[PDB]
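2 protein chains.
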Amino acid sequence: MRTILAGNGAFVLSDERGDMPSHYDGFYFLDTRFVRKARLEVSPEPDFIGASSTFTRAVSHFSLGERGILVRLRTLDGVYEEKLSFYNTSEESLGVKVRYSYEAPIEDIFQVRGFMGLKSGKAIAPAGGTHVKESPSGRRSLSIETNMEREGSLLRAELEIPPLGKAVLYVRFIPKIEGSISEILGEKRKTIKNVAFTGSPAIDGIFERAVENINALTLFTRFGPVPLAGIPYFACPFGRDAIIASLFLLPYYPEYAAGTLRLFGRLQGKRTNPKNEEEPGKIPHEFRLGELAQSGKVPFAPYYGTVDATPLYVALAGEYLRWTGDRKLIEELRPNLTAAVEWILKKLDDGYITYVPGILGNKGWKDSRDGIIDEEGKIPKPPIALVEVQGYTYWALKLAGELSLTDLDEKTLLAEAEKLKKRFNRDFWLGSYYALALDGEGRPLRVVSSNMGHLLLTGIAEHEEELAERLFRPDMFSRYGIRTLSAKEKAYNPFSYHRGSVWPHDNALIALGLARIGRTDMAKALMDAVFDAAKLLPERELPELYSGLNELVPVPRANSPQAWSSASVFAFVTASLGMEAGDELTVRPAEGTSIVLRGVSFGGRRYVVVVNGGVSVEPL
Amino acid sequence: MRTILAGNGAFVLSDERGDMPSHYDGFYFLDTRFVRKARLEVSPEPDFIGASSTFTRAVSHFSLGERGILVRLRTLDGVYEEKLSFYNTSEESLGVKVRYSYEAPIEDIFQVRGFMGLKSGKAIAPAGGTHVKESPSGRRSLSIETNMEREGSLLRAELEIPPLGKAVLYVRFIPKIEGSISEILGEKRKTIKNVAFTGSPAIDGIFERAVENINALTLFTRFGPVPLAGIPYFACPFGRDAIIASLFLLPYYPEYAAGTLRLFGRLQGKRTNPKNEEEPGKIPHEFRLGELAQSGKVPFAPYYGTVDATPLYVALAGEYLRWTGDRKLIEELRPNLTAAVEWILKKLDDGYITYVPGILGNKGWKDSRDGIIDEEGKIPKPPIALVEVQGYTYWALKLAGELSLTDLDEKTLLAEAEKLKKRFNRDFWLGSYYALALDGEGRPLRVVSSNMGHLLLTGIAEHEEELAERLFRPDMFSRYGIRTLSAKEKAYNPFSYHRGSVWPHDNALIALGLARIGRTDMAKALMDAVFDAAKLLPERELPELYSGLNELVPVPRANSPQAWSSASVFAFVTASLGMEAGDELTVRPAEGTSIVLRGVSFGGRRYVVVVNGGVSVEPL
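Here the protein sequences line up with chains A and B, keeping their order. For what it's worth, my numbering labels the leading residue of the first sequence as 9, then goes sequentially. For what it's worth, my numbering labels the leading residue of the second sequence as 9, then goes sequentially.
The following block contains the structure:
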């Protein structure tokens with residue numbers, strides 16, 4: 009299986025023996041792979057027996073005949089390090105001769121993935137054990153400290169171990185990067201601790217893995233700690249991923265919203281520019297820190313190929329203040345915040361907020377090229393106005409006015425919100441369901457989708473209840489969550505990126521909104537379904553997505569860990585209990601929920617919430 | 009890694025892909041391997057991605073190009089079964105052609121291990137899908153139900169899967185055995201549930217794994233449920249393993265002592281016989297149920313090559329009654345019980361209870377050939393009187409009299425006990441420590457050992473405290489438990505079976521006896537050390553033994569799961585809290601212990617024990 013180490017923006021993927029075979033294995037940091045297919049060869053060449061793994065440390069155990077034992081021990085705290093300790097087990101002297109193989113393409117993460125058909129990077133072969141690759145963004149250096157006689161890019165050693173003696177041989181790939189990029193990093197580094205404790209071992213293993221998932225995907229910035237998106241392909245700050253998951257972790261770890269707001273406060277668009285899809289006020293999609301993005305070789309620093317991350321950014325702030333009370337931050341950000349809502353409203357000059365296919369096929373959360381379809385599975389005429397992002401916008405503006413989060417007109421903002429509310433329902437409602445989107449000349453796309461489940465939490469829907477019961481019909485309810493599309497549609501395939509596959513965060517958003525409308529029982533069935541899913545997956549880890557068949561079957565493209573999905577675990581509990589932030593912290597739970605939460609954060613103080621046939625809310 | 013399925017005396021070992029490569033892999037039931045090196049070959053031959061595992065079910069997930077996905081799913085409830093479900097992922101038809109390889113040596117478990125240099129068994133090639141191997145103990149049959157065109161001992165299939173379709177192909181190795189052997193089995197089959205809950209995820213994962221370890225190693229007999237010993241080499245009832253671990257699980261799951269007492273009540277020796285080391289009253293070492301043991305081809309059914317299992321059997325009963333009150337059972341067994349103590353006392357005709365090397369090099373718990381050594385590491389002259397088994401005997405007789413468990417003389421038994429108590433201390437105490445053993449003409453063996461830690465619980469020691477502090481010296485205290493020998497001795501090697509390696513049960517026994525003598529703090533350091541060990545091993549599983557170096561390093565011969573060691577987790581908590589059974593259930597804990605126990609069994613009623621800066625004992 010994948011065994012992964014990961015922290016502070018660095019990660020490693022490996023075989024269990026800590027090998028870097030299969031394509032997607034290597035040592036990465038700030039979206040630049042530094043090493044890949046490393047290999048250890050020492051003879052007598054060992055015979056593996058067992059392994060154990062955290063996220064900053066993994067060990068595999070090796071038999072070496074009968075007179076020997078190897079213990080491999082790999083670590084990651086900025087530096088990657090391998091330690092090979094050789095144990096002599098019988099009372100005869102033992103000989104070993106080692107030689108370790110590694111290859112150091114200081115290549116950018118797009119070069120990895122076959123993005124743009126991009127080249128792999130060449131092994132750069134070290135100059136006094138120090139490889140450097142230059143780019144105008146900055147110098148990109150890999151340093152190697154080792155106790156092996158090193159011959160270019162292959163390390164060597166031999167020595168004989170006395171009987172019952174042992175021998176240890178290190179290697180450390182020290183990566184260090186300067187330029188446009190450590191203007192971002194904060195030296196803060198401390199790790200969160202789980203706060204959900206339900207007293208069932210199967211379940212608590214979800215939350216605790218949720219929390220070690222979140223730590224391995226945290227990058228510590230100047231502005232605060234911010235969530236990285238995903239570990240195979242998305243190891244950098246996305247905006248939709250980092251905002252959504254902050255909202256999930258808003259009632260427990262607010263510090264993660266306050267970094268995302270502060271970071272994308274400064275990376276807001278200040279100009280119009282068709283290279284990077286920038287616009288004045290817009291909030292980016294992704295912001296890689298590779299040599300490619302910072303020297304303008306690809307427009308992703310920041311790329312602005314999403315239009316949901318902009319109303320999301322402001323809703324989250326409206327929510328953050330609803331939980332924290334940290335009004336200091338919001339007028340540190342209200343210049344940022346008004347420039348956001350004047351991007352919203354003048355993109356409502358047109359009537360809906362819409363996007364046009366660009367580098368990515370769409371610019372919602374279903375950002376793949378076949379994600380948005382019609383009634384018979386063809387991609388509809390652009391510009392596309394997506395149902396979910398018209399809900400984030402009503403939700404955006406109604407709170408920017410209800411809480412005075414901007415400096416523009418007040419009930420002006422709410423006037424245009426009720427404009428759009430009645431303009432939305434009217435234009436999207438198809439008697440049975442809301443429509444996935446309107447196309448470039450206005451006709452609706454009559455396909456039922458989980459995107460409409462995103463509007464229970466916006467309150468733009470006036471037919472709230474019947475959106476619900478349609479979402480739970482057998483065409484939308486798999487045994488483990490709400491499928492991204494329905495199985496009755498022509499273009500349904502359960503193993504697709506955005507056309508039938510289940511997604512823990514997508515379901516969780518729908519669950520948070522079933523809590524706004526007083527359907528805590530249906531939110532609970534939605535938590536159950538994906539926990540029944542997390543009960544049967546490796547390490548009870550929630551990956552990006554998995555199949556929609558009624559038998560649990562993963563999706564190979566699925567990325568694991570992944571931030572919005574390992575954080576959905578907590579959103580699921582905020583809706584499980586119907587938990588709201590108001591003048592006070594209320595809990596009106598669904599029936600048969602049982603949970604203790606030692607650290608709910610509301611108004612800067614922390615409360616003990618207990619639900620065990622009765623509900624109690626008291627400070628820490 | 010080893011992935012293991014196991015239940016009701018059956019078990020499987022495998023690669024993760026459910027393969028049976030490496031020597032020790034196969035489908036076993038009642039000490040007769042039935043299948044080994046099974047192999048699945050289907051093309052397009054798959055590319056593994058991830059796996060998940062219980063103990064009655066394991067699944068591995070496979071990529072099949074990009075248009076395919078395989079899900080392997082193996083199960084064990086008496087029958088072994090493999091299910092291969094093939095998923096077509098892209099909208100083109102998909103072709104697969106399968107052919108599955110298995111080989112069916114209905115061989116006995118000794119044939120497996122190179123015991124006696126024994127042959128491997130021949131593939132027996134099926135007669136209408138049904139292999140039979142005959143032996144006078146009984147007919148030994150393997151039946152195969154399958155939906156593959158089967159060609160001898162190789163199953164075949166091909167069919168093409170429509171787009172987004174799937175295909176499933178079964179195979180079931182039905183093993184069924186008749187003869188001298190299902191006179192033992194009970195049809196009772198229900199599984200225990202963990203009862204320790206300490207509110208730390210690292211720790212609770214020990215107890216819960218402890219409990220699933222115990223279930224996979226339970227065989228359900230006519231007399232009750234009884235513990236099997238160990239999964240690589242010991243998959244059958246041992247007496248020392250099954251009694252000790254019953255004592256550990258005495259305050260939580262007494263039903264496991266009551267089966268061991270009832271089973272070895274009937275397998276008691278009724279005669280003298282040098283083939284099987286039988287003697288009138290003696291209690292066996294092991295009792296395999298293979299064709300070999302039941303037709304007398306090897307003397308192990310029952311073999312009586314241990315002399316500790318006989319005083320142990322009666323102490324445990326004296327303890328069982330101290331906890332249960334189930335006096336019904338004990339005079340169902342008091343004919344058994346007097347015949348036990350008349351074996352003790354007439355083996356004390358000689359002065360100590362002693363054994364002579366036979367098939368096994370020793371007949372204590374250190375039953376290997378180099379386990380018992382002298383001051384310079386040579387095997388001492390026999391007969392050997394071991395320090396630990398002279399303690400089990402004082403403990404045996406003092407309680408057979410304190411509770412009238414036999415029909416012989418009362419304070420007669422206690423007279424000979426205080427005879428032996430003063431005869432023991434005198435003859436074993438060497439100023440600094442107790443001696444490992446006396447040899448055939450009486451001289452002590454001056455090597456410090458963990459065997460002397462076994463006597464704090466017997467109360468034969470009169471120098472109780474200084475046995476303690478010596479046991480915790482740097483020569484005996486590794487970072488993860490009390491080493492079986494000391495590192496200062498000439499013949500210390502940390503990776504030996506019985507000469508320096510750490511053993512969870514050996515340490516646990518020592519901990520239970522530090523609780524008899526009011527040293528709850530030292531018992532806690534002894535629980536800590538091996539939990540710090542269980543925190544860093546795969547699945548936080550406690551194996552039979554591991555290295556004594558101060559860095560954690562396993563021992564390849566170590567067997568995992570193993571009953572006395574995965575049950576030691578509970579013994580460690582009985583001593584953690586200083587928990588005793590008397591007229592009432594008292595708890596005087598060590599400092600800084602924190603635990604809830606929802607189901608302590610005492611006197612047939614169950615109590616809620618809570619230790620959280622204060623102690624409470626109340627019924628369920």
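Every residue, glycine too, gets a C-beta built ideally from N, C-alpha and C.
Practice prompt. Output the distance between the C-alpha atoms of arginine 248 of chain B and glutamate 285 of chain B, rounded to the nearest integer angstrom.
Written response: One alpha carbon belongs to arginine 248 of chain B, the other to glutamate 285 of chain B, and they sit about 16 Å apart.
Worksheet entry | Beta-carbon separation (whole angstroms), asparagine 344 of chain B vs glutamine 276 of chain B, contact threshold 8 Å | In this structure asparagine 344 of chain B touches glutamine 276 of chain B by the C-beta definition: roughly 6 Å separates them, less than 8 Å.
Discussion item. I want to verify the contact list: residues of chain A whose CB lies under 9 Å from the CB of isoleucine 77 of chain B, in sequence order.
Written reply: Neighbours of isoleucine 77 of chain B on chain A, chain order: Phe503, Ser555, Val561, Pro562, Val563, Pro564.
Item to complete: Measure the alpha-carbon distance for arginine 548 of chain B versus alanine 542 of chain B and round it to whole angstroms.
Response: Distance between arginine 548 of chain B and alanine 542 of chain B, taken at the CA atoms: about 5 Å.
Discussion item. For chain A, check one thing: does any of its Cβ atoms lie closer than 7 Å to the Cβ of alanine 66 of chain B?
Written reply: At a cut-off of 7 Å between beta carbons, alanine 66 of chain B makes no contact with chain A.
Worksheet entry | Entirely enclosed alpha helix (DSSP H) segments - the segment 108-138 of chain A, minimum 4 residues | Counting only runs of 4 or more, we get 117-121.
Item to complete: Please name the residue in B/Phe228, B/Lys283, B/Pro259, B/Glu599 whose C-alpha comes closest to that of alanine 325 of chain B.
Response: Cα-wise, what sits closest to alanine 325 of chain B is B/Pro259.
Fill in: Residues bridged to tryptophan 437 of chain B [DSSP beta-bridge criterion]
Under DSSP, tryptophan 437 of chain B shares a beta bridge with B/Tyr442.
Fill in: Counted within 10 angstroms of its Cβ, other Cβ atoms place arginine 613 of chain A as buried (16 or more) or exposed
Result: exposed.
Practice prompt. Give the secondary structure of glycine 369 of chain A by DSSP, where H, G and I count as helix, E and B as strand, and everything else as coil.
Written response: In the three-state scheme derived from DSSP, where H, G and I count as helix and E and B as strand, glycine 369 of chain A is classed as coil.
Item to complete: Could you check which residue in B/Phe272, B/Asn281, B/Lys305 has the C-alpha nearest to that of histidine 293 of chain B?
Response: Minimum Cα distance to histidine 293 of chain B is reached at B/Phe272.
Practice prompt. Verify the CB distance criterion: does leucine 172 of chain A have a CB-CB separation below 7 Å to chain B?
Written response: Yes, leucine 172 of chain A lies at the interface with chain B (some Cβ there is under 7 Å from its Cβ).
Worksheet item: In angstroms, rounded to a whole number, what distance separates the CA positions of residue 647 of chain B and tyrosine 241 of chain A?
Response: Because chain B in this structure spans residues 9 to 628, residue 647 of chain B falls outside the shown range and cannot be described.
Discussion item. I want to verify the contact list: residues of chain A whose CB lies under 8 Å from the CB of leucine 163 of chain B, in sequence order.
Written reply: Neighbours of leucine 163 of chain B in chain A, taken as residues whose beta carbon is under 8 Å from its own, are absent, since the nearest beta carbon is some 23 Å off.
Worksheet item: Buried or exposed: which applies to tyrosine 554 of chain B, given that a residue is buried once 16 or more other Cβ atoms fall within 10 Å of its Cβ?
Response: With at least 16 other beta carbons inside 10 angstroms of its own, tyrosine 554 of chain B counts as buried.
Worksheet item: Can you tell which of B/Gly289, B/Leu300, B/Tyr328, B/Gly333 has its C-alpha closest to the C-alpha of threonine 314 of chain B?
Response: B/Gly289 is the residue among B/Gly289, B/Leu300, B/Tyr328, B/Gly333 whose C-alpha sits nearest the C-alpha of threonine 314 of chain B.
Practice prompt. Give the range of the beta strand (DSSP E) segment to which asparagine 96 of chain A is assigned.
Written response: The continuous beta strand (DSSP E) containing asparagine 96 of chain A extends over residues 87-96.
Worksheet entry | Straight-line gap, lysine 429 of chain B to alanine 323 of chain B (C-alpha atoms, nearest Å) | Spanning the two alpha carbons is a distance of roughly 16 Å.
Worksheet item: How long is the line joining the alpha carbons of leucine 329 of chain A and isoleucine 352 of chain A, rounded to whole angstroms?
Response: Taking the straight line from one Cα to the other gives about 20 Å.
Item to complete: Quick one: which residues of the segment 9-38 of chain A get their C-beta closer than 7 Å to a C-beta of chain B? List them in chain order.
Response: Considering only beta carbons, the part of the segment 9-38 of chain A lying closer than 7 Å to chain B consists of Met9, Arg10, in chain order.
Worksheet item: What does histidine 69 of chain A touch in chain B if you count any residue whose Cβ is under 8 Å from its own?
Response: When 8 Å is used as the limit between beta carbons, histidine 69 of chain A is near these residues of chain B: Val561, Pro562, in chain order.
Worksheet item: With DSSP run on the structure shown, which of helix, strand or coil describes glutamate 142 of chain A?
Response: Strand, per DSSP.
Worksheet item: Would you say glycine 17 of chain A and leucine 227 of chain A are within 7 Å of each other, going by their C-beta atoms?
Response: Inclusion of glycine 17 of chain A and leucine 227 of chain A in the CB contact set at 7 Å is warranted, their separation being smaller than that value.
Worksheet item: Mind listing which residues of the segment 91-115 of chain B have their C-beta closer than 9 Å to chain A's C-betas, in chain order?
Response: Here the close residues are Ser93, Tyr95, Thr97, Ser98, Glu99.
Practice prompt. Could you tell me which of A/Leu81, A/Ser51, A/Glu90, A/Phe436 sits nearest to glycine 103 of chain A, measuring between CA atoms?
Written response: In this structure, A/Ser51 is the residue among A/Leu81, A/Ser51, A/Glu90, A/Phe436 with its C-alpha nearest to the C-alpha of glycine 103 of chain A.
Worksheet item: Using the rule of at least 16 other Cβ atoms within 10 Å of the residue's Cβ for burial, across every protein chain shown, is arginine 335 of chain A buried or exposed?
Response: Exposed: under 16 other Cβ atoms inside 10 Å.
Worksheet item: Given that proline 209 of chain A touches chain B, what residues does it touch there, using C-beta distances under 8 Å?
Response: The answer, in chain order, is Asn202, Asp212, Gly213, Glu216.
Worksheet item: Which same chain residues, not among the five before or five after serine 161 of chain A, have their C-beta less than 7 Å away from its C-beta?
Response: Listed in chain order, the non-local C-beta contacts of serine 161 of chain A below 7 Å within the same chain comprise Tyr110, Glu111, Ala112, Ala131, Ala133, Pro134, local neighbours out to five positions each way being set aside.
Practice prompt. Check whether the Cβ of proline 482 of chain B lies closer than 7 Å to any Cβ atom in chain A.
Written response: By this cut-off, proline 482 of chain B is not an interface position.
Worksheet item: Cβ atoms of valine 618 of chain A and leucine 585 of chain A: under 7 Å apart, would you say?
Response: Cβ atoms of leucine 585 of chain A and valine 618 of chain A: not closer than 7 Å.
Discussion item. For chain D, check one thing: does any of its Cβ atoms lie closer than 7 Å to the Cβ of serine 376 of chain A?
Written reply: Although the question refers to chain D, the structure presented lacks it and instead comprises the protein chains A and B.
Practice prompt. With DSSP collapsed to three states, give me the class of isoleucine 518 of chain B.
Written response: DSSP places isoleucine 518 of chain B in helix when its eight states are reduced to three.
Worksheet entry | Cα-Cα separation between residue 5 of chain A and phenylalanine 231 of chain A, rounded to whole angstroms | Residue 5 of chain A lies beyond the stretch modelled for chain A, which goes from 9 to 628, so this question has no answer here.
Practice prompt. Tell me the start and end of each unbroken alpha helix (DSSP H) in the segment 520-574 of chain A that is at least 4 residues and wholly inside, in chain order.
Written response: Whole alpha helix (DSSP H) segments, 4+ residues: 528-542.
Discussion item. Which residue wins for smallest C-alpha separation from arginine 565 of chain B, given the options B/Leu92, B/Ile239, B/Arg147, B/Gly146?
Written reply: Cα-wise, what sits closest to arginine 565 of chain B is B/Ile239.
Worksheet item: Is there a Cβ from chain B that is less than 7 Å from the Cβ of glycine 58 of chain A?
Response: It does; some Cβ of chain B falls within 7 Å.
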